[PDB]
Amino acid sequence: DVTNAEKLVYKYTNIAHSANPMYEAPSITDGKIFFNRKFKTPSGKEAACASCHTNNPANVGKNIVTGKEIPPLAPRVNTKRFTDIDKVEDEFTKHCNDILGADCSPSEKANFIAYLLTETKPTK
């Protein structure tokens, strides 16, 4: 739920700030840029988190590889997101690995989840 997401924001912020002293607090802007930024897959095709999750994490997404729908990521809309916070940290590390080839950095996770807490409205 939102509570659990908000607590992982603190956790990742504090990790990031230890590693990277100039990072002090989450940036919702940078979290949004990261979610929408086009990166280059090995093939040269560009993709973004938004390719599957849409440009609004409050909406239902669709996996471009399988065509399968994906529940919304924004915990205010889909309150099951971040229900088992331990499980979630492992899943998200695995998921970063799968999508990007390596884990997301602690500041990317803090910024991203912070951004998610701001998206409470599905695009209509």
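Don't overthink the numbering: it's just position in the shown sequence, from 1.
Visitor: So, looking at the entry's B-factor column for Cα atoms, which has the higher mean, 7 to 15 or 104 to 112?
Guide: Higher of the two, by average CA B-factor, is 7 to 15.
Visitor: May I ask you to compare 64 to 72 and 44 to 52 by their mean CA B factor in the entry and name the higher one?
Guide: Looking at the recorded C-alpha B-factors, 64 to 72 comes out higher on average.
Visitor: Which third, lowest, middle or highest, does the C-alpha temperature factor of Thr83 belong to within its own chain?
Guide: According to the entry, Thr83 has a C-alpha B-factor in the chain's highest third.
Visitor: Quick check for you: using the entry's CA B-factors within this chain, is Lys32 in the lowest, middle or highest third?
Guide: Within its chain, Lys32 is a middle-third residue by C-alpha B-factor, going by the deposited values.
Visitor: Against its chain's modelled residues, does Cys96's Cα B factor rank lowest, middle or highest third?
Guide: Its C-alpha B-factor belongs to the lowest third of this chain's values.
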